[PDB]
Amino acid sequence: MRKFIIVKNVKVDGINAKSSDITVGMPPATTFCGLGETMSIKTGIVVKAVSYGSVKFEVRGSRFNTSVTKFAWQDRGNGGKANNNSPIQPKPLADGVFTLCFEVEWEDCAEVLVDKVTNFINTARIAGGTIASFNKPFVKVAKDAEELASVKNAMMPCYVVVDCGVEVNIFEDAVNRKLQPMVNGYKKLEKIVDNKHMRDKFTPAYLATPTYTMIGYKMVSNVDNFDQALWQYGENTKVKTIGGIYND
Amino acid sequence: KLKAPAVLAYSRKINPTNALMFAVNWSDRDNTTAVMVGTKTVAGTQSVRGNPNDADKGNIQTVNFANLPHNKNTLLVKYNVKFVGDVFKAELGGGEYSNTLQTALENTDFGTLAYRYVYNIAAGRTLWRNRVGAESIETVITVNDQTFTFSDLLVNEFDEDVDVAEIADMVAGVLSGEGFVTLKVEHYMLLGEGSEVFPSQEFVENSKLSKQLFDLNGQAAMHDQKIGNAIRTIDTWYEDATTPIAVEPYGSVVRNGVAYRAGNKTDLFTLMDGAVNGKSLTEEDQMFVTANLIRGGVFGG
Amino acid sequence: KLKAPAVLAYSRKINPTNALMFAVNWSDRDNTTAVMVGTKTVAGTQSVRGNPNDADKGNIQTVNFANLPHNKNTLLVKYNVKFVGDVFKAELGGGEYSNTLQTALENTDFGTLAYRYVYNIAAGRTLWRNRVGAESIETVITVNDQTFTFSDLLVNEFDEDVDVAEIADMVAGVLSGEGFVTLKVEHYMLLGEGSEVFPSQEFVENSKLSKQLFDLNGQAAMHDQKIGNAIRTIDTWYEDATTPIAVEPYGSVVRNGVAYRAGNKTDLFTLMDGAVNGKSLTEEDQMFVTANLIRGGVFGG
Amino acid sequence: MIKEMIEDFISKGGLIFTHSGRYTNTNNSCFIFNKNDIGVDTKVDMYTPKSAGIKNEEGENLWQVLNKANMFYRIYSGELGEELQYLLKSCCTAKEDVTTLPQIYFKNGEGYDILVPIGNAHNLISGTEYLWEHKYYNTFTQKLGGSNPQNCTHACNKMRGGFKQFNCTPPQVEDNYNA
DNA sequence: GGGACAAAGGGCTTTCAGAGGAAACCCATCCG
């Protein structure tokens, strides 16, 4: 809770709205945690936590039956019948504008970080989308908990995701509690033996399924503790927030 | 024999964005007005082939539309393009096949590909059927704080131009290993007052409407896939069929129902296998293979 | 046999705009004022066939109206029309059927079609029921910086004129392969002070209002498809029934409930299929097929 | 009443699974069975080539029969004997297939692990059936297979209406005002 | 020249199966 960097009003087009087989819409916090990890490994700067807020979002299409994207022949098994309307294999798309906050541990200077971040953002992606435009990053300094409200308020205006936990399961909680599920981690099922077609022959491979937790959307000025709005990697392949379950 | 890997993938080297539409005047192009969509209902007859005894009944449909206001007579379409390098870098697999392909390639001329890609934007092929009915099309292109203005006709039959070279040479340098460049493109037309515009459509399951147009918060726009498709329509390097098409593996036009580069020993995969297995290809073949590799996709089977 | 493709469509080659209505004087036609719509509530009886028991009850309705101001006695209806070429160019599909169809056609005379299209505008058929009750109708057509004035009667029974031919000659050249041409059309009436005008209604579901009219920013207007329907009322080339109708496959009038060109060996699809399969068509059949191809639609299944 | 259908299933190359990747791409053929997830109301899925099978006299397939009133748990535990228990458990064999699947890197302490996400068969059917009768009008609708949905799974062949997905659209900042 | 295997490609294809169903939500502050 020392150094934060803010990038607000980032326009991304063509975001992959399909996060799982039952969740279509906002990417989960895992996507932003992976983006932060990619920034850390590529840039060489340790990043602690990531916070994301939704300024605008819209899934392409209508209220129901979102959309279908046309496919093309790109495999080496055809050539005779590859002339008319390849099959679908549906994949939804959406368009959104977000705002990001990154917890950074860097004290060498004050202006080099802005340049190094701007260099990475110009060639980065958000859930497969392309970044159209963004504002100039700026750095905020927090020494204690009381001034954390200022760096929190620096993110206006946007809607931040907070964690409320699961009671029984997402299906019953969504109808009763009126919240929306989200993916917070993966559970391993069984180890991959054949390492031929994998993208890496050194990293161990696993079959995993998403684990669901229920979240809520809150205005930035209405957040009690800012530590509840920051996400980071946890134990047993999970993503958790610093402040735990959000309580009013 | 150097058999190809089971799955081979590449990234997309040209990144377009969603084009935005505004209504301005020909002499007052400073202030812009957004174009909404709206919805209307039409009535007509039933003219369907094979159903002659049901042609005396009516037909009611609900559709969307988009047209300029009666006080504006100029459509402005604005968007951005990003060109990135790092070509010949597979995303999935490839430790010896990719290196052999890279060594066989890189002797091709990227200047022609860069010239054609920029010309498809400058001449005005990136904008679709909105082209017709316009007596004057103006293109403003901005890169590295150096603007250029084009009023070029003859979208087909790529010809030599003096102003397009200063962008083609920069794009050629980016293609064969560099960072990234960004080009801001604006198009002005003279369709007239109240003329209809044609934004992108969508394939959506049956709803209360019969024709739904793409929009972003109530403003008409165009899909990025549609913008990107028109840029790579440079495949002139086959036997016939002038007025070329877009570069795709097994180059086919599903709209017309025909598939060029069929099973007559001229494919992407056949040339790719032949290039790494000894004998090299001709200039047109490498220029096509490199251009298709610039376009992304996964190849396997 | 050269069967038609499953997907085959053509775009629209005649583009009208939404008409605008203004109130002006017969000798002071320089300054114009808009015609608002407003709303009124009326009372009447209940006269419905089959229900004589409730014939003594009241009836309260709410409707829209539109009429000229009491200090003005002339109605001005203004719009624009655009003609584009590149006929016999299918938008979807067609590599052998479209080429054979174009080869069978193009020997027809575009002069008659271009004459009739211009005559339907000059004689004053695009302006609907507003025609009645007027003792003087004037038409002004502007094209290529050349103005033409018409005061011709006899909307039906196409006759010979010297000013229609000059515009028709320009239209015919554009029709058989060219760019685009544009006409500015204005119509002046002599209805009188306080007379009622008749704009276009809208297809609306269950609501409070029994009759609402199409309007743009509160100003009365007319739908462009209604304007385009009257332009192509040239189908005189069937067995009887002079005072022709609009050109449509299975040429039918839903208003009258009758469907001409039924299953008696005179169809658009039958003639088009027979033209490519050996025997050609006659002059009237070729003109009908060309006229129906200028109009859009889907032909396949 | 149940055994004959079991010989029908084992005659063809059928498989019983709870999680699979065929719900993301039709060309995938990855099937695995999880034993710790078996419960009283756990729905499972099965795959056989072309999903042909043979229907009963009233007309039922195995996917409907085993998932009607929880006879799957009535048989898996062994309440119907040890004759229909070994044969059903013989079909629960894993099948590895990673072609055309997503692969993502995840942080695991000091190092990384590559993962291939796959969907769960119980969740789709359970959520659809539970939510269709609770009137939750904040969902999408997706149909798998396409023109011929009988070659993907057994659940898609019978549930041709379409599976349900949660609409996770967040509230948006309205413009022309403070927030 | 004959037999076997694999891969690629096309075509003769063609085998396989099958009617549910009902409705517009979340939410009011920094800054010049």
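Chains as they are written, first to last, in the entry's author numbering: chain B, 1 to 248; chain H, 3 to 303; chain G, 3 to 303; chain A, 1 to 179.
Cβ atoms here follow ideal geometry from the backbone N, Cα and C, with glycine treated the same way.
query	result
When you compare only the Cα positions, how much space is there between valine 50 of chain H and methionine 26 of chain B?	43 Å
Under 8 Å: do the segment 18-33 of chain A and the segment 84-102 of chain A share three or more Cβ pairs, one atom per stretch?	yes
Going by the beta-carbon positions, is the gap between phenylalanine 4 of chain B and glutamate 103 of chain B smaller than 8 Å?	yes
Excluding the 5 residues flanking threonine 149 of chain G on each side, which residues of the same chain have their C-beta closer than 7 Å to its C-beta?	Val142
I want to verify the contact list: residues of chain G whose CB lies under 9 Å from the CB of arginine 263 of chain H, in sequence order.	Neighbours of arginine 263 of chain H on chain G: none; closest Cβ ~15 Å, over 9 Å.
Starting from the beta carbon of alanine 8 of chain H, find every residue of chain A whose beta carbon is closer than 9 Å, and list them in chain order.	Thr99
Have a look at H:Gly259, H:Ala136, H:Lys228 and H:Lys186 and flag the residue whose alpha-carbon is nearest the alpha-carbon of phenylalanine 85 of chain G.	H:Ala136
Is it buried or exposed, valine 187 of chain H, if we count other Cβ atoms within 10 angstroms and call 16 or more buried?	buried
Count the other CB atoms within 10 Å of the CB of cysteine 101 of chain B; is the residue buried (16 or more) or exposed (fewer)?	buried
Which one of B:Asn225, B:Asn65, B:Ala124 and B:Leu113 has the shortest CA to CA distance from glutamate 146 of chain B?	B:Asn225
Where DSSP assigns a beta bridge to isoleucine 75 of chain A, which residues make up the other side?	In the DSSP output, where bridge partners are listed per residue, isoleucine 75 of chain A has none listed.
With distances taken between CB atoms, is the gap from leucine 189 of chain B to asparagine 34 of chain A smaller than 8 Å?	yes
Check whether the segment 85-93 of chain B and the segment 106-113 of chain B touch, using three or more Cβ-Cβ pairs below 8 Å as the test.	no
If you count every other CB in all the chains shown that lies within 10 Å of the CB of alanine 174 of chain B, and 16 or more means buried, which is it?	buried
Between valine 39 of chain H and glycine 220 of chain H, is the Cβ-Cβ spacing less than 8 Å?	yes
Could you pull the DSSP bridge partners for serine 20 of chain A from this structure?	A:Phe31 and A:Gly119
So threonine 272 of chain G is in the beta strand (DSSP E); what residue range does that whole segment cover?	Segment 270-278 is the alpha helix (DSSP H) holding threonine 272 of chain G; no beta strand (DSSP E) there.
Is the segment 197-208 of chain H touching the segment 101-111 of chain H in the sense that three or more CB pairs, one from each, lie closer than 8 Å?	no
Can you grab the Cα-Cα spacing for the pair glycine 181 of chain H / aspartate 154 of chain H, in whole Å?	29 Å
Cβ of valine 239 of chain B within 8 Å of Cβ of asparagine 184 of chain B?	yes
Buried or exposed: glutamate 140 of chain H, going by 16 or more other Cβ atoms within 10 Å of its Cβ?	buried
List, in chain order, every chain H residue whose beta-carbon is nearer than 8 Å to that of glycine 79 of chain B.	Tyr252, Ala264, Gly265 and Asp269
If we require 4 or more residues per run, which alpha helix (DSSP H) segments fall completely within the segment 67-117 of chain H?	99-106
Quick one: what's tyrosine 212 of chain B bridged to in DSSP?	B:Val183
In chain order, what residues of the same chain lie with their CB nearer than 7 Å to the CB of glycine 127 of chain A, ignoring the 5 residues before and after it?	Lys164
Quick check: is the beta carbon of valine 89 of chain H nearer than 8 Å to any beta carbon in chain B?	no
Looking at the secondary structure, which residues open and close the beta strand (DSSP E) in which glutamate 58 of chain B lies?	47-59
Who are the neighbours of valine 166 of chain G on chain H, taking C-beta pairs under 9 Å?	Going along chain H, no residue has its Cβ under 9 Å from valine 166 of chain G, so there is no contact; the nearest lies around 24 Å.
Determine the DSSP secondary structure at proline 251 of chain G, reduced to helix, strand or coil.	coil
Would you list the one or two residues that DSSP bridges to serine 133 of chain B?	B:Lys11
For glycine 13 of chain A, I'd like the list of residues in its chain whose CB is within less than 7 Å of its CB, leaving aside the five on either flank, ordered along the chain.	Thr48 and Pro49
Name, please, each residue of chain B whose Cβ falls closer than 7 Å to the Cβ of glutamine 142 of chain A.	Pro90
Measure from the alpha carbon of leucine 131 of chain A to the alpha carbon of each residue in B:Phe171, B:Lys48, B:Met182 and B:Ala127, then state which is nearest.	B:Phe171
Can you find the residues in the same chain that come closer than 7 Å, C-beta to C-beta, to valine 255 of chain H, ignoring five residues on each side of it along the sequence?	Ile247
Output needed in chain order: residues of the segment 54-84 of chain G with a Cβ under 7 Å from some Cβ in chain H.	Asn82 and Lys84
By DSSP, does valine 151 of chain B sit in helix, in strand, or in coil?	helix
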